[PDB]
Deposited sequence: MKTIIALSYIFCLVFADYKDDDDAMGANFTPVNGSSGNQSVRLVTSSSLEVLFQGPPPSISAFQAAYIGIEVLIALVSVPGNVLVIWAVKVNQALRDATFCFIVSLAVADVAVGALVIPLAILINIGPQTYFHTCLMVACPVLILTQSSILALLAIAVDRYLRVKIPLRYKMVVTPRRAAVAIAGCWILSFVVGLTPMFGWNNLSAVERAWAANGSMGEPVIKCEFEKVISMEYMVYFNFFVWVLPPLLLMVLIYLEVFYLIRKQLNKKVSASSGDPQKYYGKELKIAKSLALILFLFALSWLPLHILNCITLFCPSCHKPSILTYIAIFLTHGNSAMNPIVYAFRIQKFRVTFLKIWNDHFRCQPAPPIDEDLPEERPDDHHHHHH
């Protein structure tokens, strides 16, 4: 039995899915039909597109399945909820990898392609995906609400495995989502991207001061738009998780949580239009 705002949330989520799966598969298709896009930067961008097409196709239906909340065994609900964390963390670490790649293109520009080879780009992509799998499988490594819900299952008087209404706050402990997901693997990626793009803009503006103000303002608008999309997507949901853990006698509506959830998932809709669509090689591949 869905609510009134619950139906609007599922509608915005499937709208986000129908924007995020064709746009990201266009980026992957344009990489495959072109040979000049075999560089290191385009490996990072197709890694972001793989992570975001997995978000648009496998995190949207799992999030709607969690939000509807069917009566479900506990470990079945963990195996539903953990691919959400796996693939969304893959999105964040891919964004940090593109920022480090853009930082190396401006910092060491002459010896860039003898430092960042597609072999080293491939092990960096594998490192980001292995780290995202480690983070998302932590709530199946024994950090989960299972102890609290089994004590309530024993206090209820039922015997055996606890079967619950499968929601995200019921199987994933908020100590994981605040102390380990946000404060380690979401907020230091956001702070590193802010520091890197400040230094990228300083090095760009130092080279362009060696007709130029318009290009410098366009670069600053492009960098600030990228940082604003990451912050608007990932900070509202995690501020609400920090509110839930730190003030428990502290009320917030459920429509506010639904709004924050699809912001997190709609990061992956706006990724092919601010990362790959800004490249001129991608645009002349799109129209052909």
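Annotation: deposited residues 1-58, 269-278, 357-387 are not represented by C-alpha coordinates in the model.
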